[PDB]
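Coordinate inspection notes
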Amino acid sequence: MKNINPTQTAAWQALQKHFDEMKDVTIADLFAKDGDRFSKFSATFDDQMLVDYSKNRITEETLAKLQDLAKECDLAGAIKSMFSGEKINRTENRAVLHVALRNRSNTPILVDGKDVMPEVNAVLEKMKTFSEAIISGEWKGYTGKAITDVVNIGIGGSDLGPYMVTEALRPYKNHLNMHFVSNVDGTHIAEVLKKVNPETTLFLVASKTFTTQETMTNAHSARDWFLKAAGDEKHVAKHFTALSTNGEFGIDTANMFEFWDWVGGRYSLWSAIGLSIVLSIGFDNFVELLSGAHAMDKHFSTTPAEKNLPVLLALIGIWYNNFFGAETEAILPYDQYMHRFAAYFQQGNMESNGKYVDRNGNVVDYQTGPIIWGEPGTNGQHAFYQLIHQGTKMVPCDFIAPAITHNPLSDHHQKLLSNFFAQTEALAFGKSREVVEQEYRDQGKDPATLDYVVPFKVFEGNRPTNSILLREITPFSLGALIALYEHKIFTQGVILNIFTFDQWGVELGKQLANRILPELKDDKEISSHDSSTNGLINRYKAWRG
Amino acid sequence: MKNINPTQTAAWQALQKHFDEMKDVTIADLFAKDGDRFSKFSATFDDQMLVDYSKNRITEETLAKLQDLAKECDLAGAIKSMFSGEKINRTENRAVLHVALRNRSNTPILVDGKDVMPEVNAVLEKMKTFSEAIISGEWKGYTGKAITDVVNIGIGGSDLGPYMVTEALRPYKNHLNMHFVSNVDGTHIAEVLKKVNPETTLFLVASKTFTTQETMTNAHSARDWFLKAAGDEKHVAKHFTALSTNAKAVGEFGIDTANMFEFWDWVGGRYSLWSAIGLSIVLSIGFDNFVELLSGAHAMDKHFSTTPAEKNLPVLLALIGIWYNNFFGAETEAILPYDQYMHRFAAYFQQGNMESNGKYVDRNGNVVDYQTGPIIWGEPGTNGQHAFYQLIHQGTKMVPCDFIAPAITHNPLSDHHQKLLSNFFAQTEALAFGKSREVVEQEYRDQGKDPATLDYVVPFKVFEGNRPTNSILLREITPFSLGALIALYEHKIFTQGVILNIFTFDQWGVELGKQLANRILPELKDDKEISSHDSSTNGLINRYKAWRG
């Protein structure tokens with residue numbers, strides 16, 4: 001696929017001059033000029049997800065020039081290269097096919113001359129029939145009891161998605177109690193072990209590689225704990241399954257749910273790694289989750305760029321990331337269930353596009369991926385919005401909300417939504433000194449005596465947002481929402497000329513921690529490192545317990 | 001206190017020029033030129049909290065110039081003003097005295113000529129008595145049973161502190177099951193109410209005005225569920241208390257105003273866990289431990305108020321942060337505790353830091369033309385490491401990180417802790433020093449491979465390092481050590497506020513959102529098409545009416 005340096009193109013030069021003309025233009029002005037602005041800068045996916053990008057510092061012209069850049073970088077070809085199984089993960093020489101995982105239409109997708117769909121579909125059928133055995137109570141523990149608790153053990157890609165989605169979709173859950181263990185910090189597994197009974201608990205050891213130190217440390221601790229009660233290791237097979245590839249660990253071959261190298265960790269909840277999702281909400285809802293991503297995959301691969309939502313959001317993201325130079329993006333779902341959605345995308349986005357060497361192997365001199373953060377509304381709202389309204393850093397926000405709650409109480413939801421609508425309105429348009437002063441007059445006060453407070457109550461506004469309204473958070477709509485960002489992330493990586501699907505940047509810390517661990521196993525003064533590392537290691541030895 | 005524009009000082013200018021000479025200097029060279037660097041760029045608080053700021057892009061000279069800036073801005077006077085009860089919160093005309101809340105020494109602190117310590121101590125003695133009656137099972141619910149569950153209902157400062165701290169200190173907890181509700185999203189309260197029994201559940205409604213919309217919406221949904229079981233509002237007093245000063249509203253709710261625990265307007269929300277607002281902390285870990293939390297904050301208070309600037313940890317961190325915020329222009333700071341129990345620590349400081357210094361008008365009423373508060377984020381190690389560290393090591397944004405870890409775990413388990421800590425050590429080492437292309441090529445050669453045939457990968461394995469960090473090693477996370485750690489950051493935030501010439505203790509930026517949502521709520525009730533706002537607010541509101549059922 002093409003490896004075009006976006007900064008050296010004519011479209012980039014044109015975006016540069018446009019930015020100079022645009023940089024002080026105001027969102028309030030853009031709305032003042034065009035009364036139908038919302039209808040020109042919004043679109044709806046599948047009659048259920050409205051994406052309103054109208055409160056942005058953009059004109060029809062900005063989008064056109066940004067579309068010129070996507071075309072110059074051959075975005076259309078990159079998309080076709082991904083969906084068809086071309087081996088675009090060049091540093092690892094791999095296909096990138098999380099789209100095959102949810103390919104409900106079952107069109108063949110080839111890797112090394114072979115259709116991947118039959119194996120994709122076999123693992124799924126296996127997850128269905130396994131989940132039925134667990135959920136129905138047909139599958140029994142070692143003392144002949146039904147499973148009540150399922151404990152996922154994994155880190156990164158094997159943890160954030162399954163945790164995020166089972167939380168997001170609690171309204172769809174069955175009776176099984178779900179736990180997600182990931183930190184090597186012992187408190188994580190210890191806090192779980194003390195709540196669960198060895199005879200009714202199912203562990204899933206999730207790990208692309210099955211070598212990860214954290215996951216295997218945790219899996220071994222769970223194994224040990226289990227055996228302290230069960231006594232005999234023949235019982236392990238009723239209580240442990242694997243989500244990976246590697247068996248002497250003690251897991252029945254038949255208990256191994258496989259996935260493939262062309263499945264990135266941070267794009268893996270759709271595969272065998274999603275079993276904890278299947279066990280929590282059942283196989284049908286999992287398939288609904290797959291179906292939603294699929295419909296969004298279809299939208300992305302067949303919709304013309306001007307009406308293509310992943311592209312539009314990607315392009316708007318680039319305008320701020322690369323022309324305004326904002327470092328961050330906030331993701332703010334007005335939905336407590338979705339309290340882990342921002343966190344998931346910290347890996348989805350930052351591990352994909354947090355890169356500095358281009359597809360041609362050259363260090364870049366322009367910005368790559370942004371820093372993703374956020375908490376759900378209204379929680380985030382009462383923590384850190386002060387800075388978003390009145391700080392000195394521009395933070396583009398995505399506000400997300402369902403029209404329908406799963407927990408309707410009094411007027412909670414209308415109160416929740418009123419903030420959803422109000423915050424973006426506030427961010428865009430602000431509140432001038434004259435309005436501030438007029439409020440003080442309406443109280444019979446003379447604002448001239450209030451210079452100590454008045455200037456601090458002014459909101460400059462002009463702060464951009466997207467708003468995403470869905471009918472309701474369903475497995476299907478959530479599936480669609482996740483993939484929407486997956487493909488924004490894709491689109492940004494193609495344009496920024498980087499490799500969105502590898503992650504060599506995690507290596508050095510693992511290798512450095514590898515050298516350090518053995519040094520902790522004696523009572524000796526360490527001096528093989530720089531003076532800081534030495535200092536900290538030696539103080540630890542002096543203070544440890 | 002003084003309101004000096006930092007950008008107009010000789011110190012600011014000497015820093016600008018120093019940065020022009022420093023901007024390309026690497027941490028590797030800083031460490032190679034002086035083997036004693038660690039010892040010159042680190043200090044320990046109270047024989048228990050080592051703060052290592054050596055892996056930073058700083059020299060002795062950088063620190064001298066940053067100190068010069070704090071002097072020119074009268075940091076010392078500002079500190080004396082806060083601690084003495086001067087009304088430094090000028091936009092609201094208030095004192096700023098969270099230091100009084102934990103002032104164990106009981107030296108008088110006067111506001112409007114009156115010592116605040118008596119009232120402070122009186123609320124604490126009342127929290128003590130109440131907590132003992134709850135914890136001991138002496139206080140019975142409407143059916144005569146001891147309490148088993150405590151649900152806190154609050155937003156922002158009434159939620160983040162209590163929750164963060166009860167989590168961080170779970171090893172010190174008693175038998176009480178704690179719950180924290182804050183979102184106006186009905187899910188939040190609903191998920192709690194389905195897991196608790198009305199006869200053994202105690203609610204804490206945390207809200208100074210006792211009119212806060214989210215909190216009172218939640219409190220009222222709880223009252224409703226409670227009465228649907230109890231059948232009589234006379235039992236409210238056994239199951240609801242208030243952290244508030246509005247006696248009229250509290251009493252009307254059905255709560256015995258004897259169980260109104262109060263605080264004062266010189267207690268900011270985002271500094272309120274040390275007050276009445278921390279009742280749930282007292283209930284979860286006991287009054288003894290809460291007092292240890294207090295004493296740890298007080299020891300840090302003494303440190304901040306009495307240590308020379310050159311060894312004053314909140315000041316040093318604050319200055320270093322300013323070097324990156326204002327001279328490097330980094331937008332963010334990550335707080336990364338290698339401790340699962342502290343998983344809400346970073347989130348806590350998104351408020352404490354960002355609502356504090358996320359400001360754009362200086363203390364003289366003039367709009368700033370320089371950077372103020374940074375954006376705070378983070379997840380506990382090792383989780384964040386497998387999520388976002390790729391961008392911190394290999395992205396194009398510089399992210400100063402504070403790595404934090406205890407040397408003792410409360411959950412010892414084979415070699416789990418040693419592994420945890422090996423990551424804590426290794427990550428800052430990796431970020432400071434990196435890994436050259438030469439080293440990468442040598443690794444292949446030693447495999448007997450020809451790195452010339454490996455162009456498709458070699459360039460991508462190079463770590464250019466020179467990414468700064470602080471490392472905070474504690475003996476152990478205790479109520480005391482945690483009290484001091486929270487206070488360290490509170491005073492870092494103060495120092496930055498002072499220097500940056502802004503108002504650290506107000507939050508006028510929250511008002512607009514609130515007035516616009518107030519206008520919008522009644523419009524959500526009918527089926528009328530809405531056209532009272534901009535086209536987009538209208539469009540979203542109307543789509544919502546089409547889709548809501």
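Residues numbered from 1 in each chain as written, not as in the entry; some residues may be left out. Chains lettered and ligands numbered in written order. Heavy atoms only, no water. Residues with missing side-chain atoms left out of burial classes, pairs and counts.

Taking the PDB entry as the reference, chain B is identified by name as Glucose-6-phosphate isomerase belonging to Escherichia coli. The record lists its title as "Crystal structure of pGI glucosephosphate isomerase". Under the UniProt heading Function, the entry covering chain B gives this text: "Catalyzes the reversible isomerization of glucose-6-phosphate to fructose-6-phosphate." Per its UniProt entry, chain B bears the Catalytic activity comment "alpha-D-glucose 6-phosphate = beta-D-fructose 6-phosphate". (UniProt positions renumbered as here; feature names shortened; annotations may be inferred.)

In the annotation of the PDB entry, chain A is listed under the name Glucose-6-phosphate isomerase and assigned to Escherichia coli. If you open the UniProt record of chain A and go to Function, you find "Catalyzes the reversible isomerization of glucose-6-phosphate to fructose-6-phosphate." What UniProt records for chain A under Subcellular location is the sentence "Cytoplasm".

Tallying secondary structure elements over chain A gives 20 helices and 13 strands in all. Over its C-alpha atoms chain A spans a radius of gyration of 26 Å, differing by no more than 12% from the 24 Å that the globule rule assigns to 545 residues. C-alpha atoms of chain A, sized along the principal axes, occupy 80 × 60 × 60 Å. (Helix = DSSP H or I, 4+ residues; strand = E, 2+ residues; numbered from the N terminus. Rg over C-alpha atoms; globule rule 2.2 N^0.38 Å.)

When the UniProt feature table is mapped onto this chain numbering, "active site" sits at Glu351(A), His382(A) and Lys510(A). A stretch of 160 residues holds the annotated residues, and the largest C-alpha distance among them is 37.1 Å, long enough that they do not meet in one place. Of the residues annotated just before, the second largest pocket has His382(A) among its lining. Secondary-structure assignment places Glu351(A) in helix α14 (residues 341-353). Residue class for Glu351(A) comes out buried when judged on its relative accessible area of 6%. Leaving out residues up to four positions away in the same chain, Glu351(A) has contacts with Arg266(A), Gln346(A), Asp502(A), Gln503(A), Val506(A), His386(B), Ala387(B) and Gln390(B). A polar atom in the side chain of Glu351(A) sits 2.7 Å from the side chain of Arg266(A). For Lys510(A), the location among the structural elements is in helix α19 (residues 507-519). Residue classification places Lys510(A) among the partly exposed residues on the basis of a relative accessible area of 40%. (1 Å grid on protein atoms, 1.4 Å probe; cavity = no way out; pocket = protein on both sides within 12 Å on 5 of 7 lines; lining within 4 Å. Buried < 20%, exposed > 50% of the residue type's maximum accessible area, 1.4 Å probe, protein only. Contact = heavy atoms within 4.5 Å. Polar contact = N/O pair within 3.5 Å; in protein donor to acceptor, adjacent residues only side chain to side chain.)

Among the secondary structure elements, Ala237(A) is positioned in the loop between α10 (213-230) and β8 (240-244). Those residues in contact with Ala237(A), other than ones at most four positions away along the chain, are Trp139(A), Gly250(A), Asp252(A) and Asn255(A).

The next point concerns the UniProt feature "active site" in chain B. Following the UniProt record, one finds the feature "active site" at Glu355(B), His386(B) and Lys514(B). Following the sequence through the fold, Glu355(B) ends up in helix α15 (residues 345-357). At 2.9 Å, the side chain of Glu355(B) and the side chain of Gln351(B) are in polar contact. Considering the arrangement of structural elements, one finds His386(B) in the loop between β11 (375-377) and α16 (389-394). Excluding residues within four positions of it along the chain, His386(B) makes contact with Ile155(A), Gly156(A), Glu214(A), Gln347(A), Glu351(A) and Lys510(A). Here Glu214(A) takes part through its side chain, which lies 2.4 Å from a polar atom of the side chain of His386(B).

Bringing the pattern of salt bridges into the picture now. Counted under the stated rule, the structure contains 56 salt bridges over all chains. We note a salt bridge from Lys114(A) to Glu119(A), for which the minimum N-O separation is 3.4 Å. Owing to a relative accessible area of 22%, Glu119(A) belongs among the partly exposed residues under this scheme. The closest approach of N and O atoms between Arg437(B) and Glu441(B), which form a salt bridge, is 2.8 Å. Highlighted residues: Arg437(B) and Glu441(B), both in helix α18 (residues 437-445), separated by 4 residues, approximately one helical turn. Overall, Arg437(B) belongs to the partly exposed group, its relative accessible area being 36%. Take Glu441(B): its relative accessible area is 18%, and that puts it in the buried class. (Salt bridge = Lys/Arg side-chain N within 4 Å of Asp/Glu carboxyl O.)

Turning our eyes to something else, we now look at the interface of chain B and chain A. Many descriptions give the size of an interface as the accessible area lost when the pieces come together. Listed per partner, the contact involves 143 residues of chain B and 141 residues of chain A. Roughly 12,500 Å² is buried in total at the junction of chain B and chain A, and carbon and sulfur atoms are behind 60% of that figure. Our enumeration of links across chain B and chain A arrives at 5 salt bridges. Note that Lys521(A) and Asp415(B) form a salt bridge whose closest N and O atoms lie 3.5 Å from each other. Between chain B and chain A we count 68 residue pairs in polar contact in total. The greatest single-element share of the side of chain B that touches chain A, amounting to 14 residues, is contributed by helix α17 (residues 416-433) of chain B. (Buried area = accessible area lost by both parts, 1.4 Å probe.)

In this section: the domain arrangement of chain A. The domain architecture assigned to chain A consists of domain 1 (1-97 + 288-506), domain 2 (98-287) and domain 3 (507-545). Here the C-alpha centre of domain 3 of chain A lies 34 Å away from the C-alpha centre of domain 2 of chain A. (Domains from an automatic or database assignment.)

A few words now on the domain arrangement of chain B. Domains assigned within chain B are domain 1 (1-97 + 292-510), domain 2 (98-291) and domain 3 (511-549). In this structure, domain 2 of chain B and domain 3 of chain B have C-alpha centres spaced 34 Å apart.

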